[PDB]
Amino acid sequence: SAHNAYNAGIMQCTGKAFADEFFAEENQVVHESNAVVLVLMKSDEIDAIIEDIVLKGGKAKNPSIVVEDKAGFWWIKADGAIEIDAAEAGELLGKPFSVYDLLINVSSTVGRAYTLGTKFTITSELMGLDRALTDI
Amino acid sequence: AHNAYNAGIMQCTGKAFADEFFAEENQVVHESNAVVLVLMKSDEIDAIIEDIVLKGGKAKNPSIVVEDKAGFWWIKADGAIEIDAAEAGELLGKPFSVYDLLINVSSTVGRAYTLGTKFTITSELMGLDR
Amino acid sequence: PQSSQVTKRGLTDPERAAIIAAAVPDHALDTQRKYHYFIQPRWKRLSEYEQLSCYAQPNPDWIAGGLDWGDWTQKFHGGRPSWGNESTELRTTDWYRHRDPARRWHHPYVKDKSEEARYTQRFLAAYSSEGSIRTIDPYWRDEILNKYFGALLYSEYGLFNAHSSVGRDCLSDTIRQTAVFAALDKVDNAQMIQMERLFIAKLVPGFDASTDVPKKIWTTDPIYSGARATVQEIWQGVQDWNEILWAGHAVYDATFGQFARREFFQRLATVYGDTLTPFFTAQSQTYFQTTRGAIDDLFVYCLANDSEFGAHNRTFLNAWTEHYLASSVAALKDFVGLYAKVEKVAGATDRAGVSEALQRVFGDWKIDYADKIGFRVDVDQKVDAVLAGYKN
Amino acid sequence: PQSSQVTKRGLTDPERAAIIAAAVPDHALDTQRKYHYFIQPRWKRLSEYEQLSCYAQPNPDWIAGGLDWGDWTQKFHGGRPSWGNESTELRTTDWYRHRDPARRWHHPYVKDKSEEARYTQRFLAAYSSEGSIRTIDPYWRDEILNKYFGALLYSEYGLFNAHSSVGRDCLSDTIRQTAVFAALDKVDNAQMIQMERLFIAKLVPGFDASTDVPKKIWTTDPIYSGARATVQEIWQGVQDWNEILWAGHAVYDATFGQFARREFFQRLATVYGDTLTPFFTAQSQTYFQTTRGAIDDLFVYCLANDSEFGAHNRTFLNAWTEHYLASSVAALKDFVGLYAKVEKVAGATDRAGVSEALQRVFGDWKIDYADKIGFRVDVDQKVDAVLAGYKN
Amino acid sequence: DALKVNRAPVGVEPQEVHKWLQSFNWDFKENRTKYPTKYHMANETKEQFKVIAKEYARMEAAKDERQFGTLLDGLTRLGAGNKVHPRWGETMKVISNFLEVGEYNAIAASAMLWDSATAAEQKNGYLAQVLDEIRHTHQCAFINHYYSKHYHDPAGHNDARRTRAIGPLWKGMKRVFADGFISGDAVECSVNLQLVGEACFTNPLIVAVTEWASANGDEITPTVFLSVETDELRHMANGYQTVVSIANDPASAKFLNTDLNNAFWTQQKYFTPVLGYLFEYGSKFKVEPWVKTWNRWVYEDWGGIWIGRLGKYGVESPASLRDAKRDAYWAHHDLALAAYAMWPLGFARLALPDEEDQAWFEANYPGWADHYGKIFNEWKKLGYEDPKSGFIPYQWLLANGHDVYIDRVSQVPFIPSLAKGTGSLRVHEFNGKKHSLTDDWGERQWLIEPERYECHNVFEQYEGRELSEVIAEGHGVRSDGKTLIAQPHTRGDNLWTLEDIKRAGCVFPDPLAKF
Amino acid sequence: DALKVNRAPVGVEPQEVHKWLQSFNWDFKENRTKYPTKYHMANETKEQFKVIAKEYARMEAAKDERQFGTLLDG
Amino acid sequence: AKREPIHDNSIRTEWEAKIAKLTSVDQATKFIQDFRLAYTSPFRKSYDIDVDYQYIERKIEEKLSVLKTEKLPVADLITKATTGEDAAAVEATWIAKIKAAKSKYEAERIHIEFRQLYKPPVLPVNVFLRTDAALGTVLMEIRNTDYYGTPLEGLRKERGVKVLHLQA
Ligand SMILES: [Cl-]
Ligand SMILES: [Fe+3]
Ligand SMILES: [Fe+3]
């Protein structure tokens, strides 16, 4: 869980300590990451979704989820994938809420995002390149 | 100054207010020639306050008083107040009928109506006055 | 400088925001954040529609379903309660049970009608620019449409006014919303018919959009004699608000109004080259089906199947249906005399065509309403009764 | 406790708000509050449409109208500028002059289409509930509408993709908005045709809403041979972005597109009892008149009457019109062969009725376009050329 | 013909359709109102705000989109829902839900006006009003809905439509802007709902309150309420047209002055003390003395611009005005004594005035410190706020002879031994039933029309029952089932439970047994 | 037929139309890009966010009203 | 003394047992008429079930109404009172009764008693509502003639109250 924090790793260092890690020889190339980042802009519907979906069943299924308060938006980072079922959110909100309505406040994604039925999903998988590990 | 929100007895406090408030002549209503217009603050209304009501409106009716009541504008004048939506539309640069003007016209003390592009609140008793 | 103090905003004034932050507890004082959580959900989850509507009416426990107690604080001279059981013959274990399947509280209702309002004006500006009125059959336009579709506005207007006492008398919040939205849609129908007439007058020199000829036809032409008699009874002859809603929407408008609007003017428009009227009948027919959804829930789901008063209620509904179906058959029998004025089109305005139209209207009605309250009806008997008024 | 700082809001935090209040001047530093006050207004006062749109494109002074200076920072391999005068034959003193008379920036555009989007689905849910499909002529529904209206979506779709290079190449912001909004309306039309077919499929057992038959007809049926040839040329044969917009909307779509959509499918729907298609063509025709207002302003007000290049531009517009009108006359000549497959209706599908339809299309086009650029045209000659393809 | 037509772009604007509305009616023998009325005069008037259904929907939807954008996007992102002073957040439980029933009853009253109107234009205008009062019902519901989601105490915001039934203040609300509108003369609704209700009292109740909301950190309520009132100008204008019809006919105008005075007293009797109490005691930061608010809106502006101007045409200043003005000055302080003493019967958390509040009350109402202030300070000394004290002030009132009575007509509580507002107790027996009346205007109403005024009061329903049992039965608890929704303080600690109430041993008496 | 039909309330959802978008293209010799490019590889990919013009407008209009409400009112 | 709970108590339970034993329209009509005369309006005979009589009356109405639909022909539901009287005759009789009233005190008792006797389900709803409306019109007009003309002291005498207390 901690490794997905906004200020994880080198972001804890300050002053010369940060500079030495930032300019270290091993950190002059990118490093593959299994994570995804999801940004949701704060609103009535989104704040409900954060509290009762992402911070409960979502973190239950994916305990590596980190949710940070960035004033105007929510910053979420997790290993592997993050999913939000617009059907679950509509049940919680008590009003019409398709997957198209959920995207109204889905602000940004770092990873491979897509909608499938009522579910929005952002995943580390490289669809079209990664080969399916099961025939199911 | 007689149209200010805190005009007359409203300047008094404590016992001085109570003595005016309970005075004998003030136990019956007193005919007023004024109208009161309330406009809720919005981007459109605020431009209308600054560039219509407080300019051409007050030049046409110098008895106009506009007071800032946090969430709304409080306006009182003698006789009548008028706002032309066609003027407001030229000020705002977007389509703006008299129906669109009323979207943020919150309250009225007086006889109000629309006639064409103009909105009027008047002291006149239509159907009773000549 | 103004005479009154400029009030500082507690949200943004630093001194007042600091005072407020010191007073606000650092934790919530309850975790139940669902507004009116105790409402019994009709669907799998409680809807915002229900939260905003349900139990707004302050009924006491002696009006079935109410959560308050005691007598009203002020009643009519004589003793009539503010709301009371004397307002209708029908009974139920809970007047709050009704739910509009469209879940219309005020905002989604005006939101949807705003779309139709603005798109309508965009369509008319383009239709006039298109010149598409050039291909409409002139006799249909001038002699059938303008006069008898215009006269039909008075049927919609009378159905609209029938709801005035319903809006006052009915016994729950969701019922009141259903009733008032239905009334606006009816007066909308009347205003939209007159809008189409006014619009054609802008395109066709000599076309008179005055309501004079339509009104004379509604009040004196035998074609609308049965229809006007029914509307006058539904609107002003009764005050039982369930009788008004049922007779208005589920019988009269479901048979006569559906035939006039959909089978005659909408269908024959597409036989006489009328590219304009279908845009307007599309709105009245959309409103009808939306109104039917809610009317059907009130009378079928709630009242005709109420666990204690279902059969009791079906007795009154069957008696009303008998009366107002006879009125509607008579109205339709009068109305079909108008086919003697239209150009013959095989399968449309001949006896076979009219027969299949009445078979749809009465057949659909039996499925949608009659079968659901236990009212036996011979469709072919009602079709043949109307065809008695058709000039061969 | 999250790893990163929970940032205090300057608007609500007492300490930061007090710091900001101290730094904000007690008076405005300028009185000019009109965003881009220097734009020359087309109407009485500057509109918000102009404020938000005009001079967004950063053209230099060597592209007529540009306020900037110097060469582009990076160009194509070879030297093609980011935007350049080589992109079109037409010339003007100011590429920014264009004004859409509907004043559509992005927000009013999607606001309007959202109204149509939501209302369409309410209309369909109600139309299916009405069962109104029951009175449509089956032969029209299955053999003409499904197949040839289906095939027409490829014309709309091709016209949509014609805008792709226009969206890249055109030389000002208001023009780019006009082009892109026109492109979405075209692909909307194609998608709406497929929506109606998919809708009928849910209502009529055996009705096939697949695009296989429409696509075969569009690509191989002689009825669409000339139309497909023109669309392919306008879309992929040229890159002059003014020629694309002129040939597309002002010649081909204004002649062939208007005949197919309005004179054939919309008009005859109201002859063969089709109460569904007029709802869909009501949108395509509205879109056509909106696009026309913008296209009319670009080529007539701005280009055909540019103070210095008016006659220069009319030379190219007349050469293009000569070419693409001939293409459209051939398209129309191929297309009217479709009347050989429809049931004859006097005054609509006979020779007389098709002639009057062609007189409306060519007559309206002469007034709306040809007369405004000085293009000479004999309407009766163009009508007789197309009627040569009519099987009497 | 088939070739030539004017192809200029044209539509049809709302006033082009509205011009023909009056012709939509037709004459038949039964075409008359179904409701009892004294007014049968000619009423073929014209609408001052021309609307049709399509234009009605467009206007209101445009208002809504802005309102809900502000609520669900902007104010939510700011966390504005929990930036309200707790006193004010608690006050909005009462103001919004109580006003909600006024709006809801206004739907029914406007339908009566719709039914009694004879001209098609007025029937059209009253339908728009009926629609608006539905809109306002859902707007008031939406405020408490929003508070339930974002405010630190959702209890009471989230269930007032049942928990209001526990307490005495709700009874009077069911008359002031509810039963008082819909249970009587239909055409008279143009006088009591409109000429008085909408033209006089909605202005302080709905507009002025938004400045108190702002002062105390609430930007939710101004967003909604200020939109609510935009609809009110059609409502006033609707009522004014009918009042002109009544005045122009001598037969109907003979009823107008009496109906005006009863309407004004009926509404001011409750509105004046309850709203003044909610403003001054249910706030931290005060905008102005309530009596000055009353003077500005009720006495000077409505009294002058509406009633004073109509004095030219025989409409008299209400005879009950002097008594009303006395209520404007003291009645809400009287009411505060009842409200604080019986706090466990409400659904809001209350706060005794602090030292700054007390100085403000005394400076603006000289005499307050010695009468009301000393009582509040003694209750605090006795443990008013402390759940372990076993102290509820209603018992203290009774133990010192300060009985609480309920007016049979208006339902407003009355403490004659402590009140400084208008009132004197009258207890009559009639047909074996005792009744307590509290002023000359309501006593006349009850003496003349006893069958209109049979409302059970809390003492009659609760007699002999212990306080915690009534509260539990009425669901006056939070989700744990034990902690009271209502509280005698606004802090987050030391909340009272049913057991804490039980220790006080408060049992409801029969206040009229002594007579 | 003329009397019998399924009157169940139905519409057409955006993914039902989107399913047929790929078939809207037809083959002809000049159906190629106008712009210089080094990349001439096969690119018959599928969209991840199915949208049609009507649904595009609904989504963005909904975003706009919330944004412009916040700005112009609140 | 000590009231029972509001919505479920022994008084309501006991009365529901009495109501369940009604078996005919005639029997439940006399039951509901006697009950309304005994327990409703300011001229009721007893306040002994004051906080319960409105709920109890609701339950009698429900019993009478189901018995009407079970036992009576449809024409009787529309045109007759459950007393057997012609509904239109009931309307004409009571309207003329109140129009002949010589004072507001006679008129008020006529209106109140009409409701005690003929409140639905006894009279058909449509006939009842228009009769009650006609009566209320008469009662309102006579009560609002010189509304302030009689001093409170005089009104107290005309009403017949026992004045138990007047604050000084
Ligand atoms: Cl002065
Ligand atoms: Fe209201
Ligand atoms: Fe109102």
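Here, the structure is the one placed above.
Residues numbered from 1 in each chain as written, not as in the entry; some residues may be left out. Chains lettered and ligands numbered in written order. Part of a larger assembly, values for the part shown. Heavy atoms only, no water. Residues with missing side-chain atoms left out of burial classes, pairs and counts.

Novice: How should the overall build of chain C be read in this particular structure?
Specialist: Counting secondary structure elements, chain C contains 13 helices and zero strands. Secondary structure elements of chain C, listed N to C terminal, follow the sequence α-α-α-α-α-α-α-α-α-α-α-α-α. Considered along the principal axes of its C-alpha atoms, chain C spans approximately 85 × 60 × 45 Å. Across chain C, the fraction of contacts at a sequence separation of at least 24, relative to all contacts at a separation of at least 6, is 77%. (Helix = DSSP H or I, 4+ residues; strand = E, 2+ residues; numbered from the N terminus. Contact = heavy atoms within 4.5 Å.)

Novice: Where do I start with the overall build of chain A in this structure?
Specialist: When its secondary structure is counted, chain A shows four helices and seven strands. Taken from N to C terminus, the helices and strands of chain A fall in the order α-β-α-β-β-β-α-α-β-β-β. When the backbone C-alpha atoms are referred to their principal axes, chain A occupies close to 55 × 40 × 25 Å. Across the 136 residues of chain A, 41% fall into the buried class. At a minimum sequence separation of 6, the contacts of chain A that also span at least 24 residues come to 64%. Total accessible area on chain A stands at roughly 7500 Å², and carbon and sulfur atoms take up 57% of it. (Buried < 20%, exposed > 50% of the residue type's maximum accessible area, 1.4 Å probe, protein only. Areas by Shrake-Rupley, 256 points an atom, 1.4 Å probe, with all protein chains shown as cover.)

Novice: Can you help me understand the environment of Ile244 of chain D in this one?
Specialist: Inspection of the secondary structure assignment puts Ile244 of chain D in helix α9 (residues 241-269). On the accessibility criterion, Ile244 of chain D (3% relative accessible area) is buried. When the C-alpha atoms of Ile244 of chain D and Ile234 of chain D are compared, they prove to be 5.8 Å apart, with ten residues separating the residues in sequence. Once residues lying within four places of it in the same chain are set aside, the contact partners of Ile244 of chain D are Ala162, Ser165, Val166, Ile234, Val238 and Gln239 of chain D together with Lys34 of chain F.

Novice: Explain the coordination of the iron ion (ligand 2) here, please?
Specialist: Reference values for coordination geometry: four tetrahedral donors around a metal ideally subtend 109.5 degrees, six octahedral donors ideally subtend 90 or 180 degrees. All names here are of chain E. Only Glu103 (OE), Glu133 (OE) and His136 (ND1) from the protein reach the iron ion (ligand 2) as donors, at distances of 1.9 to 2.3 Å. Counting gaps between the donor residues of the iron ion (ligand 2) yields the pattern E-x29-E-x2-H. The two metals, the iron ion (ligand 2) and the iron ion (ligand 3), are separated by 3.4 Å and share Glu133 as a common coordinating residue. Of this pair, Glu103 sits in helix α3 (residues 86-116) while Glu133 sits in helix α4 (residues 120-150), placing them 30 residues apart in sequence. Since its relative accessible area comes to 4%, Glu103 is described here as buried. (Donors = N, O, S within 2.8 Å, 3.2 Å for Na, K, Ca; no water.)

Novice: Quick question: what am I supposed to make of the packing of helix α6 (residues 173-203) of chain D against helix α10 (residues 277-303) of chain D here?
Specialist: If you want to describe how two helices pack, look at the angle between their axes and the distance between the axes. Residues and elements named next belong to chain D. At a minimum axis distance of 10 Å, the contact between α6 and α10 shows a crossing angle of 165 degrees. It follows from the interaxial angle that α6 and α10 lie roughly antiparallel. Both α6 and α10 take part in a crossing whose hand is left-handed. Residue-level contacts link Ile175, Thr178, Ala182, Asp185, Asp188, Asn189, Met192, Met195 and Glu196 of α6 to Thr277, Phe280, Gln283, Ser284, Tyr287, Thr291, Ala294, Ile295 and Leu298 of α10. In the contact of α6 with α10, the residues fall into nine nonpolar, six polar and three charged. (Axes fitted to C-alpha atoms, helices over the stretch in contact; angles between N-to-C directions. Parallel < 35°, antiparallel > 145°, perpendicular 65-115°, else oblique. Left-handed = near helix turned anticlockwise from the far one by under 90°. Nonpolar A, V, L, I, M, F, W, Y, C, P; charged D, E, K, R; others polar.)

Novice: I tried to follow the coordination of the iron ion (ligand 3) on my own but got confused; where do I start?
Specialist: Residues and elements named next belong to chain E. Protein coordination of the iron ion (ligand 3) is provided by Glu133 (OE), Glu198 (OE), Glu232 (OE) and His235 (ND1), with donor distances spanning 2.1 to 2.2 Å. Coordination at the iron ion (ligand 3) is irregular: its four donor atoms span angles of 81 to 167 degrees at the metal. The sequence pattern formed by the donor residues of the iron ion (ligand 3) is E-x64-E-x33-E-x2-H. (Tetrahedral: all angles 85-135°; square planar, octahedral: opposite > 155°, others 65-115°.)

Novice: What's the story with the interface of chain C and chain G in this structure? I'm lost.
Specialist: Where interface size is given, it is often the accessible area lost as the parts come together that is meant. Taken together, the contacts link 30 residues of chain C with 33 residues of chain G. Together chain C and chain G conceal approximately 2600 Å² of surface at their shared face, both sides included; 53% is due to carbon and sulfur atoms. Considering only the surface of chain C that becomes buried against chain G, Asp61, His77 and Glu86 of chain C emerge as the three largest contributors, covering 25% of it. In this structure, the connection of chain C to chain G is made through four salt bridges. A salt bridge links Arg80 of chain C to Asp132 of chain G; its shortest N-O distance comes to 2.8 Å. Here chain C and chain G share 15 residue pairs in polar contact between them. The element that contributes the greatest number of residues to the side of chain C that touches chain G is helix α11 (residues 310-335) of chain C, accounting for four residues. Of the residues assigned to the side of chain C that touches chain G, the class counts are nine nonpolar, eleven polar and ten charged. (Buried area = accessible area lost by both parts, 1.4 Å probe. Salt bridge = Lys/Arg side-chain N within 4 Å of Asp/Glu carboxyl O. Polar contact = N/O pair within 3.5 Å; in protein donor to acceptor, adjacent residues only side chain to side chain.)

Novice: Can you walk me through unusual backbone geometry in this structure?
Specialist: Across residues other than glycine, the phi torsion is negative in most instances, and most of the peptide bonds are trans. In the segment running from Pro120 of chain G into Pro121 of chain G, the intervening peptide bond is cis, with an omega of 10 degrees. One can find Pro121 of chain G in the loop between α6 (104-118) and α7 (125-143). Phi at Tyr55 of chain C takes a positive value of approximately 75 degrees, unusual for a residue other than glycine. Along the chain, the position of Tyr55 of chain C falls in the loop between α2 (48-53) and α3 (106-130). Given the relative accessible area of 8%, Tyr55 of chain C is considered buried. Despite not being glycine, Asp146 of chain G has its phi angle at roughly 55 degrees, a positive value. By the secondary structure assignment, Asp146 of chain G is in the loop between α7 and α8 (152-159). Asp146 of chain G sits in the exposed class, given a relative accessible area of 63%.

Novice: Explanation requested: the interface of chain E and chain C in the structure shown.
Specialist: Contacts between chain E and chain C engage 121 residues on the former and 117 residues on the latter. In total, about 10400 Å² of surface goes out of reach between chain E and chain C, with carbon and sulfur atoms giving 61% of it. Our count for the contact surface shared by chain E and chain C stands at six salt bridges. The salt bridge partner of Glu219 of chain E is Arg9 of chain C, with a shortest N-O separation of 3.0 Å. Put simply, the parts of the chain that give the side of chain E that touches chain C at least two residues each are α1 (14-18), α2 (53-77), α3, α4, α5 (160-163), α6 (168-182), α7 (189-215) and α18 (458-462) of chain E. The dominant element in the side of chain E that touches chain C, judged by the number of residues it contributes, is α4 of chain E, at 18 residues. Looking at the side of chain E that touches chain C residue by residue, the class counts come to 54 nonpolar, 31 polar and 36 charged.

Novice: Where do I start with the environment of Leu387 of chain D in this structure?
Specialist: All names here are of chain D. Within the secondary structure, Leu387 is located in helix α13 (residues 379-387). Taking the C-alpha atoms as reference points, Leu387 and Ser355, 32 residues apart in sequence, are found 7.1 Å from one another. Non-local contacts of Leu387, meaning those with residues more than four positions away in its chain, are made with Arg351, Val354, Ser355 and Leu358.

Novice: Could you clarify how one ought to interpret α6 of chain E in this entry?
Specialist: Each turn of an α-helix holds 3.6 residues, which means side chains three or four residues apart point in the same direction. Residue and element names in this part refer to chain E. Spanning 15 residues, α6 covers 21 Å between terminal C-alpha atoms, matching the ideal 21 Å at 1.5 Å per step. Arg175 marks the point of greatest bend in α6, at about 45 degrees. Among the 15 residues that make up α6, 14 are buried, leaving the element largely enclosed by the rest of the structure. (Expected span 1.5 Å × (residues − 1). Bend = angle between axes of the 7 residues up to and from the residue.)

Novice: Looking at this structure, how should I read the sheet that holds strand β3 (residues 426-430) of chain E?
Specialist: Backbone-to-backbone hydrogen bonds pair the strands of a sheet. The strands run either parallel or antiparallel. Overall, antiparallel pairing links the three strands, which are arranged β4(E)-β3(E)-β1(G) in an open sheet. A strand with exactly one partner marks an edge of an open sheet, and here the two such strands are β4 (433-437) of chain E together with β1 (162-166) of chain G. Mean inter-strand twist for the sheet, computed between neighbouring axes without regard to direction, equals 20 degrees. Across the sheet, helix α17 (residues 440-448) of chain E touches β3 and β4 of chain E, and the angle it forms with β3 of chain E is around 5 degrees. Docked against the sheet, α8 of chain G engages β3 of chain E together with β1 of chain G, running at close to 20 degrees with respect to β3 of chain E. (Pairing = 2+ DSSP bridges.)

Novice: It is not clear to me how the arrangement of the chains should be interpreted in this structure. Could you clarify?
Specialist: The pair of protein chains exhibiting the most contacts, out of 16 pairs of chains in contact, is chains C and E. Contact between chain A and chain B is absent, and the minimum C-alpha spacing across the pair is 21 Å. Separated throughout, chain B and chain G approach each other most closely at a C-alpha pair spaced 18 Å apart.

Novice: What am I meant to see in the packing of aromatic side chains here?
Specialist: The description of two aromatic rings rests on the distance between their centres and on the angle between their planes. This structure, assessed with the given rule, holds 147 aromatic pairs over all chains. Arranged with centres 5.1 Å apart and planes meeting at 55 degrees, the rings of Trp95 of chain C and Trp241 of chain C form a pair that is tilted. Here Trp241 of chain C lies in helix α9 (residues 241-269) and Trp95 of chain C lies in the loop between α2 and α3, a separation of 146 residues in the sequence. Considered together, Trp95 of chain C and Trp241 of chain C belong to a single accessibility category, that of buried residues. Over the face of the ring belonging to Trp43 of chain C we find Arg103 of chain C, whose NZ or CZ atom lies 3.8 Å from the ring centre. Sitting above the plane of the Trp15 of chain G ring, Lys18 of chain G keeps its charged end 4.2 Å from the centroid. (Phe/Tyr/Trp six-rings, centres within 6.5 Å; stacked < 30°, edge-to-face > 60°. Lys NZ or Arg CZ within 6 Å of the ring centre and 35° of its normal.)

Novice: Explain a nonpolar patch on the surface to me, please; I cannot follow it from the model alone.
Specialist: All names here are of chain D. Together, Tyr37, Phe38 and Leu67 make up an exposed nonpolar region whose accessible area comes to about 350 Å². Looking at the secondary structure, you find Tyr37 in the loop between α1 (14-23) and α2 (48-53). Using a relative accessible area of 52% as the deciding quantity, one classes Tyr37 as exposed. (Patch = residues over 30% accessible without salt bridge, like charges linked within 9 Å, V, L, I, M, F, W, Y side chains within 5 Å.)

These figures come from the coordinates and say nothing about function on their own.
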